[PDB]
Amino acid sequence: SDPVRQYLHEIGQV
Amino acid sequence: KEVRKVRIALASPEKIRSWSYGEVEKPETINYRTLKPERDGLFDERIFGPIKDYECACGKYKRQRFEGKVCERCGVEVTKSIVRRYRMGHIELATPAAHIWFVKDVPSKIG
Amino acid sequence: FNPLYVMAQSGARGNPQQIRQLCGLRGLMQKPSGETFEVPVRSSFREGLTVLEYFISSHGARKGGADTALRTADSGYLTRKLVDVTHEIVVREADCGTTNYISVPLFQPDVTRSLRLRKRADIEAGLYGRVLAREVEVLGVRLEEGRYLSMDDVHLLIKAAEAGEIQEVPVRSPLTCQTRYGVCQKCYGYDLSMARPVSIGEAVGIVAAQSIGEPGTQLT
Amino acid sequence: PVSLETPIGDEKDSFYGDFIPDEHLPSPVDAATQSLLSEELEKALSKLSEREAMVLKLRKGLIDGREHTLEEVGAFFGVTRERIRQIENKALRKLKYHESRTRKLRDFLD
Amino acid sequence: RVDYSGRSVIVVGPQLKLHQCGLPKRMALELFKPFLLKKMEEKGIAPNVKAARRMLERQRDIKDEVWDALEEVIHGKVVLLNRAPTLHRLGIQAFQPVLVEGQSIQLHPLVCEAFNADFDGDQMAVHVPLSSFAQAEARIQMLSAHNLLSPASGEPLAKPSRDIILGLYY
Amino acid sequence: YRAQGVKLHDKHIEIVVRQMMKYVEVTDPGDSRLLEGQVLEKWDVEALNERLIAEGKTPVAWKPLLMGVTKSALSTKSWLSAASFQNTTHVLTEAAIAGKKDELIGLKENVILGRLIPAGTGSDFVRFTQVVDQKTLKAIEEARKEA
Amino acid sequence: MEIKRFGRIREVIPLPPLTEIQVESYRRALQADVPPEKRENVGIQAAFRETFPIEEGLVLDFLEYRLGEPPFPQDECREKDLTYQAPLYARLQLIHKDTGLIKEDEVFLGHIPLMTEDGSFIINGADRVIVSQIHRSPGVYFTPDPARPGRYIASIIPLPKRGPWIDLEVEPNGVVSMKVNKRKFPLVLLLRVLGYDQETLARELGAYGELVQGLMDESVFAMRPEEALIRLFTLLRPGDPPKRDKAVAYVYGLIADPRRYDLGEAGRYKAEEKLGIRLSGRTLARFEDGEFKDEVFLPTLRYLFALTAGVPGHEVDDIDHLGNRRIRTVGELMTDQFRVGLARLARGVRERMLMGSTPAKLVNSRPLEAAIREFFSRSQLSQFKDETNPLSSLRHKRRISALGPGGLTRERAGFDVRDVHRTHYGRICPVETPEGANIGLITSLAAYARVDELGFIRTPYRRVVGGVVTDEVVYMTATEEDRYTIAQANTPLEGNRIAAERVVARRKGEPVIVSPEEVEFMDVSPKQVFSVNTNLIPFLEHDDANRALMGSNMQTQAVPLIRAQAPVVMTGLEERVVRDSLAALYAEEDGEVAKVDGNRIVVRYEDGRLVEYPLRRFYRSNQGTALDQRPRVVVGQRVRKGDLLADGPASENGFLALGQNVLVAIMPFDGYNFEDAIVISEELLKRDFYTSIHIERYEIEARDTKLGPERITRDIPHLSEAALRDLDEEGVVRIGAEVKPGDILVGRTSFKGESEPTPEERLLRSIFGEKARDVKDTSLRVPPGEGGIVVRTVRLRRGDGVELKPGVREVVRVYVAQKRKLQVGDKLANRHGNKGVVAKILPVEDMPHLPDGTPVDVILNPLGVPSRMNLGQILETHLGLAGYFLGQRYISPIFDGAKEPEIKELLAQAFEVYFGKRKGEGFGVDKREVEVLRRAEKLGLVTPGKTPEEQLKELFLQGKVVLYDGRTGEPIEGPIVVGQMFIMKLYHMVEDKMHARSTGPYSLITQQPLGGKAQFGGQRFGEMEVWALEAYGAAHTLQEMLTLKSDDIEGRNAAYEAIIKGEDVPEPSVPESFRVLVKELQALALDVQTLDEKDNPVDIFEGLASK
Amino acid sequence: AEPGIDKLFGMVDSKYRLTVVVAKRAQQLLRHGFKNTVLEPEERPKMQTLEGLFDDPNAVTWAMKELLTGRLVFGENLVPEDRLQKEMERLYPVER
DNA sequence: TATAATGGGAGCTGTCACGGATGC
DNA sequence: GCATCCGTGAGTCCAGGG
Ligand SMILES: [Mg+2]
Ligand SMILES: [Mg+2]
Ligand SMILES: [Mg+2]
Ligand SMILES: [Zn+2]
Ligand SMILES: [Zn+2]
């Protein structure tokens, strides 16, 4: 829904 | 002839490219000093047509005797300026993108 | 020959409730909930209201103003919708050739005790200008198939109904017309503007939508 | 730049763009004035001979859009550049004489 | 939005005939301008179209025989009057304009009910049908005096009311 | 309307109500390409059923439908008319997928194109009429009679 | 002349300061007079205290602020299109926590607009009013669930944009949900986070039966506050990492952070009164000693369960009661935008605190300045001030809107918010509201009403102790009013004792008959029920409310006249309106007049000081009506404090003068007053009645171009000497010139755009041998239908204390005045809602006239009265007839005024004056008078057998007279009502509205005619106009409207040419806007193809778009 | 009302046909400068200027008054359009 | 061009009928 | 299938705009 929430999640993966 | 019907259909990528007179490659509009259109951007006479009737961008051709001539120095067809209302351009996407009408208008036609 | 009386009686201005408020009494008034308040204003406008009578009057005047305001937009919206369903309907030919029709009744059930004659205006709005779909013989008068009912023909049919000779009148109607994309001249009947058969080419759907929408602001 | 779709006022009634006139396309008045001009010039030109009317038209660009040089109009009519200059000048002399006589082109000059 | 069109405050005209309206001179000059330019050339009032146009441009340049020329321009022609909201077709009706001094449109009493117009400040728009065809449609089909019965009910719609009834009753 | 003293002729309401009953729903496709539950125009399913009866085939069983005025306007055949009304993107989406041809039958479609409307003086029933004076007509008749 | 006044109610108190709702609210917000250390934590001070300190290390803290003097006074701000404002400074100090270093400075924050004396603002030259907003008060509410009949919703509501709306509900499964930001979760969880145990919840709630059981969840009580808190942060922020300090921060910012949640003082007080608790601050919970502590939630749940069960003392709330709706005044509205600007400023501060190596360096004021400017220019409560007349301005400052930021959206507002609630009494006028779709959403403060410190509207009542009415008056909210039995102000008093056995009163709005013993309070005056405008309608008690509303509203639109008069029948409020609106100058103290001028008055006061008062003369209002003050004293005159020194606009000797008193006949007249049209006499023009002065402003700029500079000059190419006759040396029209449509006001030349002349132009130049000039005429000309006398020029050129926006070298403004005589199509009205357009101006010899030869002034139709039911205008006329012959005026207060018998006495006296004059001058009764008496006898209006004189007198006491038709000399066949009436000329003048176009400018994209008289626009032929043409079958007329007359480019050109040649118009082609539609669909990836009957494409673009 | 409007409506099967006939006739009179009129000199519609009485310039007024004489013929497919145009140019030459 | 620096802020409130989409 | 819970687009005309 929120593209920066999504991107912060993807980044918290690594 | 005479108009009797009006059809509406999906336009294919190839149909869209056939409409286009040029790809718009730069997000520029007009030059901040000359107030003339920047090359390969959203107002380019090279793509969308001349701003003045029967006159290329640089000035080498300025009469209706040349008609359909594409000037060699600037690249601008010599026709009526009215064509800046009619000539499409296009943006070639690096990756395909969905047309939201076919996504969000429920139920989704793609879905 | 009193001014208020002559204006009301002649139809020039004024109705009996407005006159009554002038010379009789203002009357009962509603609360903001819409329920009527127990005590009425007993003075007329000539005598003059009190502060409290005037304040309580406010609630109903404001409800009616807000009514009027909201209803002019609702009416216009309705008219737009009606124009959009009907705009293509046009008188496209003289006669579609249908044998179908409708029957307009002259009587309606009461207390369900019996049948009684419908009101005159209701019969006129159902029959005036219509084309007879079948021969009718009443009071020794032949009303032939294919005839446009004039207003005198309507009154004749009402008399026949009072004398017992007829209960329903078969009539060509847009409901039963078989013209594609429109209506025919027989099935539509008379151009009420002109008291004569409708001309082929009349934009009869637009006229219907406007006829229905234009009094919308009067519906309370 | 400011947006053409900037709201003017409280409602969504109107936008700044609504008030911007097209200055580019000729008005119906301007188009008709240009047309009456072309027709009056052709009328006044028909009072000259075919050659002086034609020389004026080639030299002013009223034919193919461009004004030819004296050498080109001369080579076209088979005649010296001086000769074509002299027949242009007598064509103008005739136009001016008629125009002073009838005052039929004055109002187009602004 | 549309050319050859105007609006103004409306005022009752009792002396009008049913097929007439009162149209202010200055509005009529602007609404009919090309016709007037032509007709002025057709007389000596200006050599040509463009002289005539410059003449009408300034108000203190406007002569007198121009009003006479205008009167010949509108002869037998009709304008369309419109009062919004246009709820049924009789919100638009055709009228032969009579030129008046003043800046108000003069409206005939018997068409007020159909326009739902009265004179507590209403305004109306006016429009010029241009071609022979539009003008013929307006004079045959849309003339006030050819539209007397309601298309909704068949009953008279142009009909006595208020003072007219009051005097006849009296 | 009667309650308010408004006299309104029934046939206007009947015109509208006829448009509300325009559509039907298929109950059995018969020998047709149609589907069960498909909604289409009563006119069209009747034309198809007579084409199938003339062809000796089984006709399509269908039930009548009632639509409100809004839905009936949106369901109309002409995509220019429906898209000018409401739900523009939905209308245009389905018309584009189907490749719809608007035949310019009604009034809205022709108004949008700036065409002469098929009503009144634009009706095909009257617009081809000719006028000629007695003298000119007689002269044309002499011209004909020579050849 | 003599003023006789009626009525027996003596008002204990005068009206309060009628603009205090503006003035006091803004003074409270700015605290400009208060020494900094004494300020309260309210207004912009409170904004500062919420923003600062700014932490994270570095800290930037607030000490105090200061407001300096305005750089320009008010008139200069109007003249130069400036904002009247004061510089804002703040003293700030930067502390580094570890170093201990402290840097302190006074930083400049921009400017704050100042309120003028009358309560308005000057934003970029134009006067503006911030209109107060009405909204639901913050607090705790309980309302019926519209779905489940026995269940109730609880609603916790903070100040707007100061927290979320929280709802509690009892779910059909019995668990009590909480909804915030549209998230239905079980409340038990939050209760646990607060620190509540099942023991405390059992002992505190079990009384209400099984309800408490839907609250008991063991999986919740089995978790400590930390685990519940993390659980809530997860089900509130899906995907956000459930970090502990992040969950604390979020819930604290949601429920406990005063800088983010605020019930306001009003929401605090009402939540406390409703729930019967005490609040520490203004938030739902606190963070104390590392844990959350409840304030509101458990009391709210307690109440909700008690209401659901049925236990007494628990009731649902009426959300439209004026104890639950409050007023946000200008001070609060502005403070909120100030708080937003300060929040953005603080974000910039924290940003520069990260990136950097001083308070000034850290502070960028721009966001703050942007927010204030945004409030004062583009807000819906920031309104162009209406100053048509001075009452207009006063009324504008007292308006109340339910719209605006944080309010209602029209087209959605239901019937409830628009209703007049019982509690509006004495608070909000019940008649004065708009007639369009905004009806009931914009309102006016009642004359005696006051907005209290919390924002609730209070009205005054007198105390009654054992039947005695005291002079103690008490201002109450509607909640307090509901406690008492309150008597009506017309209750008969003998001295101070209620002299009646039965008393009309109200209990909670309900009318009730009551003994004197039971009376606790009594209204101050009928005046307190109505707005100021409604309080100016005499005989209001005889006017149906619907037309009273119109008379109210139209007083706002009255034009100030050059010979304005106060009404002959007044209500007694006219002087106070002139006073409170600053529509006049008054003496400051006792004194003597030393100098008197058209321009100024010098007064010598008792102190010996010599005070000079400049008079504003022919100034331009926001609406172009004329603001000028005229002296009403003379040299040597002795003045006491408060005496009138000068009349402003619509002021006659200090009385509100909104129109003229004219002699009126009520009768039909030949169709010319049909359907509310009005007939008037040419006499009115002859004596400049209804003449008004209007001033228009025109403006022109000369700027630098890339093509060379625009110049304001007299040397304009191709113009005659006649065209330049009245242009000054520099090319500006001279003061006093008469300018008509077409005439130049400011000459200007612009360099031409680079163009190769068309060959026709080359040839025409050669024929006349004239070099085309290099500049063209771009002058400012008087537009169509305008003109007048030039009365001022202003000339601001760069290089001169003058600096303009970049690239403009000079601005010129020309002021033009017109005297506007009444004309056909102008709108007249009276205070009872009778309104009409002038349809006919008759010469005097055509006017109906009295036997003594006096013609009447205006003829109003009787058909306008019966269905309108506004009989006040008839009584006014009757009393006007009396006043006409007695040379007197009257004050008839509303609901306390002249009654028919007293009017009849006055008409008997006036008759003696009107008729005994004749009987003395040597004349008897006329034959025509005898014919009219014969008819009157048959109408029942006169007693048969009495003499001519006695019957004429009976008619006169009915307010009727014999009247002669000026065209015939024959009498009107019945006697006619004649009298003086107060009639205003409204600001709807046909001079401003008439407009026509043949051709003109077209729009850029659509190529359709522009809209608007100033753009020389065309009329909209909309969807419904099209339907009308379709229904007539007028196919070609319609096709013209859609093509040749709008956006068919070749069609419009060719039709113009054909007409000017006398040919017929050509056949239309495609409108341009359909081409635009096709291209806009092609951009949507749709291929829209015009086919022919063989299904082959047809190109509507004539090849110009195909490669 | 237009003079004779009730008879004009009597002549046609559809009111819109009268408007088509009237408009086409008006265009024909304008095209040929009124030389093709079926009116006799005393039947010509007149307009009162200040100078005196002259021909009414309005071709729709003319066309209606001509229709009312029975001297016009109207209907569909009377003559091919180009033959009609060319014969009217022959009988009544257009101004140049 | 090199000390080291590693997951964001904003919300926001008095409508309504209706077609399609999710839980029972 | 049968209800509920959602999104979404809609709301007379003109005028001027600060
Ligand atoms: Mg009105
Ligand atoms: Mg209003
Ligand atoms: Mg408004
Ligand atoms: Zn080039
Ligand atoms: Zn049929």
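What you see below is based on every heavy atom in this structure, not just the backbone, and it leaves out hydrogens, waters and symmetry mates. Lettering follows sequence order; numbering is per chain, from 1.
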Without swapping roles, check the side chain of C:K63 against the backbone of C:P32 for a donor-acceptor pair under 3.5 Å. yes
Heavy-atom pair count under 4.5 Å with chain G, highest-scoring of C:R80, C:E47, C:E38, C:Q17: C:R80
Applying a strict 4.5 Å limit to non-hydrogen atoms, the region of G:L871 in contact with chain C is side chain
Give a yes/no verdict on a cation-pi contact between C:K81 and C:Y77, requiring under 6.0 Å between NZ or CZ and the six-membered ring centre and an angle within 45° of the axis. yes
Regarding G:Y425 and G:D523, is there a side-chain donor-to-acceptor distance under 3.5 Å anywhere? yes
G:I894 portion near chain C, given a 4.5 angstrom heavy-atom threshold: neither
What one should report as the nearest heavy-atom pair of G:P526 and C:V51 is CB-CG2, 3.4 Å
Chain C interface, residue from G:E900, G:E1030, G:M1024, G:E435 that has the most non-hydrogen pairs under 4.5 Å: G:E900
Taking the basic N atoms (NZ, or NE/NH1/NH2) and the acidic carboxylate oxygens, is any pair closer than 4.0 Å for G:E481 and G:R427? yes
Chain C contacts, top residue of G:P511, G:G1033, G:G440 (heavy-atom pairs, under 4.5 Å): G:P511
Quick one: which of C:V207, C:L22, C:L52 has the most heavy-atom pairs under 4.5 Å with chain G, could you say? C:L52
Counting heavy-atom pairs under 4.5 Å with chain G, the top scorer among C:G64, C:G48, C:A203 is C:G48
Check whether G:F539 gets within reach of chain C through its side chain, its backbone, both or neither, counting any heavy atom under 4.5 Å. neither
Count the heavy-atom pairs under 4.5 Å between each of C:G205, C:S58, C:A61, C:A69 and chain G, then report the option with the highest count. C:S58
Using only heavy-atom distances, determine whether the side chains of C:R71 and C:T217 contain a donor-acceptor pair under 3.5 Å. no
Atom group of C:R26 that falls short of 4.5 Å from chain G, counting heavy atoms: side chain
Can a salt bridge be assigned to the pair C:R172 and C:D95 using a cut-off of 4.0 Å between side-chain N and carboxylate O? yes
Pick one of side chain, backbone, both or neither for C:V83, based on which atoms fall under 4.5 Å of a heavy atom in chain G. side chain
Consider only side-chain N and O atoms of C:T179 and C:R92, and report whether a donor and an acceptor are under 3.5 Å apart. no
Taking side chain as everything from C-beta outward and backbone as N, CA, C, O, which of these in C:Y54 sits under 4.5 Å from a heavy atom of chain G? Side chain, backbone, both or neither. side chain
Residue selection (most heavy-atom pairs with chain G, distance under 4.5 Å) from C:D67, C:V39, C:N15, C:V204: C:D67
Under 3.5 Å, is there a donor-acceptor pair between the C:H155 and C:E124 side chains? yes
Member of G:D676, G:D544, G:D543 meeting the salt bridge (charged side-chain N to carboxylate O under 4.0 Å, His left out) criterion with G:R868: G:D676
With no hydrogens and no angle check, just 3.5 Å: does a side-chain donor-acceptor pair link C:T98 and C:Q178? yes
Contact class of C:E53 relative to chain G, heavy atoms under 4.5 angstrom: neither
Please classify the contact between G:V865 and chain C as side chain, backbone, both or neither, with a heavy-atom cut-off of under 4.5 Å. neither
Tell me, side chain or backbone of G:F895 under 4.5 Å from chain C's heavy atoms, or both, or neither? side chain
Measure distances from C:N2 to the heavy atoms of chain G and classify the residue's part below 4.5 Å as side chain, backbone, both or neither. neither
Winner by heavy-atom pair count (cut-off under 4.5 Å) against chain G, out of C:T79, C:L49, C:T50: C:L49
